[PDB]
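Protein chains in written order, with PDB author numbering: chain D, 35 to 164; chain B, 35 to 164; chain C, 37 to 151; chain A, 37 to 151.
Worksheet: the structure to be examined is printed underneath.
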Ligand code: NA
Ligand code: NA
Ligand code: NA
């Protein structure tokens with residue numbers, strides 16, 4: 035039966051998928067996260083990822099809560115609320131830099147939460163200061 | 035719709051169920067686990083629990099691997115491969131002593147795993163020496 | 037002598053999940069719902085949504101215009117897609133208390149998120 | 037800089053789970069399968085079972101009498117009930133390696149356990 039086989043394959047892809055955040059660094063309104071693939075699946079279906087950021091924007095010198103979903107794009111010049119990645123396929127053991135275009139520059143020394151979800155389900159949460 | 039309502043209730047009962055092991059103590063073939071209810075659900079459906087023990091039995095002075103499921107009984111003096119608990123209902127915040135009748139006394143200073151699964155799903159695993 | 041509740045050895049197949057949920061003010065809650073399965077989920081407007089402090093969840097009505105009610109940026113969810121669910125509340129959330137949101141699709145799939 | 041994979045805030049409804057699984061010898065594996073939902077699960081003999089070292093699972097046939105094959109103490113599972121699955125293997129298990137067992141019921145529910 036074929037639902038049985040589809041679910042079999044998917045659940046083992048979920049078991050074997052793992053990602054972690056090596057480093058995070060900010061420049062202007064662009065956030066650069068260095069993602070490392072610690073699983074045994076290839077990651078490439080970035081349209082099906084999630085990238086969610088909760089941070090404190092600097093709007094007219096007022097520190098203002100911001101929560102947003104960012105969508106993937108291959109566009110090399112991404113708009114705010116978009117992100118891109120400098121590899122076509124992130125293989126087990128590899129790293130890649132994910133570039134996220136925030137709508138405002140972060141207010142200095144404010145905390146932030148970055149959630150990165152693979153297309154299979156397993157995710158990573160990073161909490162820190164921007 | 036009623037599948038939705040049933041699934042709603044059950045999943046929040048799983049969210050609110052949590053148990054932990056205060057202490058383990060052995061005498062003869064009798065294992066005493068002091069179980070603590072850290073959730074907000076009452077626990078009483080002991081027929082629907084699981085109690086699994088993996089330990090090294092002392093069979094004729096030979097240390098022999100043993101893995102077994104134990105079934106619940108209300109009997110306070112249970113047979114081997116049976117367990118009981120000294121309350122009919124373990125309320126949030128309370129403790130109770132679970133007594134498991136192993137089929138042989140443990141061989142001295144051998145390691146064991148005790149798995150106790152509530153009827154709702156959430157469980158607790160204790161690993162140590164007997 | 038070492039005991040921990042549940043385990044990382046015992047897993048099941050995930051087809052639907054809330055990637056993240058949190059309050060965006062005292063009156064509003066956001067949750068991102070993510071279809072990680074292999075088939076489209078449809079008629080999301082017929083979902084059931086509960087929200088509340090841990091142990092005191094309350095039903096929340098769809099699109100009523102009068103709090104407490106919820107909305108969703110699209111009424112179907114394809115494999116890989118995400119939708120945004122917003123709950124509008126009638127009394128503010130306390131800062132020193134954990135909250136849970138829960139969603140039950142028409143097909144019965146039940147997912148929750150605690151913040 | 038504080039990073040965590042997955043989260044304990046994100047949960048779904050469990051209806052079926054393997055409470056525990058481990059090898060009982062070099063060539064035999066035991067798994068205890070537990071119905072924690074509210075509906076009967078039937079025709080367990082038509083399940084598919086995969087077993088192997090992590091990443092290299094192999095399908096395993098029901099009751100074939102010839103290794104690798106599996107058996108089950110009953111082929112229905114009422115709410116609250118447990119059945120015991122035994123896998124009989126044709127080659128010994130290595131001592132320094134993680135193994136995964138996975139079960140897919142006819143209705144499609146998928147559960148796994150790693151030991
Ligand atoms: Na109760
Ligand atoms: Na309200
Ligand atoms: Na084999």
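All residues carry an ideal CB built from backbone N, CA and C; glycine is no exception.
Assumed close pair residue i, residue j - CB separation to whole angstroms, cut-off 8 Å
i	j	result
residue 72(D)	residue 52(D)	4 Å
residue 180(C)	residue 59(C)	The structure shown does not extend to residue 180(C), since chain C is modelled only from 37 to 151, so the question has no answer here.
residue 104(C)	residue 86(C)	About 10 Å separates the two Cβ atoms, so there is no contact after all.
residue 132(B)	residue 67(B)	5 Å
residue 117(D)	residue 104(D)	5 Å
residue 53(A)	residue 48(C)	7 Å
residue 37(C)	residue 162(B)	4 Å
Residue i: contacting residues in chain C (beta-carbon distance under 8 Å)
i	result
residue 40(D)	74
residue 151(A)	45
residue 54(B)	39, 41
Beta-carbon gap between residue i and residue j smaller than 9 Å
i	j	result
residue 99(B)	residue 110(A)	no
residue 84(A)	residue 121(A)	no
residue 64(D)	residue 164(D)	no
residue 145(B)	residue 89(B)	yes
residue 84(B)	residue 135(A)	no
residue 140(A)	residue 36(D)	no
residue 54(D)	residue 69(D)	yes
residue 45(C)	residue 80(C)	no
residue 58(B)	residue 151(B)	no
residue 112(B)	residue 60(B)	no
residue 92(D)	residue 142(D)	yes
residue 106(D)	residue 129(D)	no
Residue i: contacting residues in chain A (beta-carbon distance under 8 Å)
i	result
residue 153(B)	72, 116
residue 58(D)	37
Partners in chain C for residue i, counting only beta-carbon separations shorter than 7 Å
i	result
residue 85(B)	Result: empty, since nearest Cβ-Cβ is about 14 Å, beyond 7 Å.
residue 74(B)	91
residue 37(B)	144
Residues that residue i contacts on chain A, provided the C-beta gap is smaller than 7 Å
i	result
residue 50(C)	48
residue 49(B)	47
residue 82(B)	116
Neighbouring residues, chain C, relative to residue i (Cβ below 9 Å)
i	result
residue 45(D)	47, 48, 49, 50
residue 148(A)	45, 46, 47, 48, 49
Chain B contact residues for residue i, given Cβ-Cβ distances below 8 Å
i	result
residue 141(A)	The contacting residues do not exist; residue 141(A) stays about 16 Å from chain B at best.
residue 138(C)	42, 45, 46
residue 60(A)	99, 101
Where residue i meets chain D, residues with beta-carbon distance less than 7 Å
i	result
residue 42(A)	156, 157
residue 66(C)	101
residue 3(C)	Residue 3(C) is absent from the model: chain C starts at 37 and stops at 151.
residue 80(A)	The contacting residues do not exist; residue 80(A) stays about 13 Å from chain D at best.
Partners in chain B for residue i, counting only beta-carbon separations shorter than 9 Å
i	result
residue 107(A)	Result: empty, since nearest Cβ-Cβ is about 15 Å, beyond 9 Å.
Residue i: contacting residues in chain D (beta-carbon distance under 9 Å)
i	result
residue 53(C)	151, 155, 157
- Message: Any contact between the stretch 109-125 of chain A and the stretch 65-79 of chain A? By contact I mean 3 or more CB pairs, one from each, below 8 Å.
- Response: Put simply, the stretch 109-125 of chain A touches the stretch 65-79 of chain A. At least three CB pairs are less than 8 Å apart.
- Is the stretch 80-100 of chain A close to the stretch 142-150 of chain C, with three or more CB pairs under 8 Å? By the Cβ rule, the stretch 80-100 of chain A does not count as touching the stretch 142-150 of chain C, because fewer than three pairs are nearer than 8 Å.
- Query: Is it true that the stretch 150-160 of chain D meets the stretch 37-50 of chain A, where meeting means three or more beta-carbon pairs spaced less than 8 Å apart?
  - Reply: Yes: at least three Cβ pairs fall under 8 Å.
- Task: Answer yes if the stretch 38-47 of chain B comes into contact with the stretch 90-104 of chain B, meaning at least three C-beta pairs across the two stretches below 8 Å, and no otherwise.
- Result: Taking 8 Å as the limit for Cβ pairs, the verdict is that the stretch 38-47 of chain B does not touch the stretch 90-104 of chain B.
- Query: Where in the stretch 90-152 of chain B do unbroken runs of the beta strand (DSSP E), each at least 3 residues long, occur, reported from the N-terminal end onward?
  - Reply: Fully enclosed beta strand (DSSP E) runs of 3 or longer: 96-106, 116-119, 129-135, 145-151.
- Item | Runs of beta strand (DSSP E) lying entirely within the stretch 81-123 of chain A, each at least 3 residues, in chain order | 84-89, 94-98, 105-108, all fully within the stretch 81-123 of chain A.
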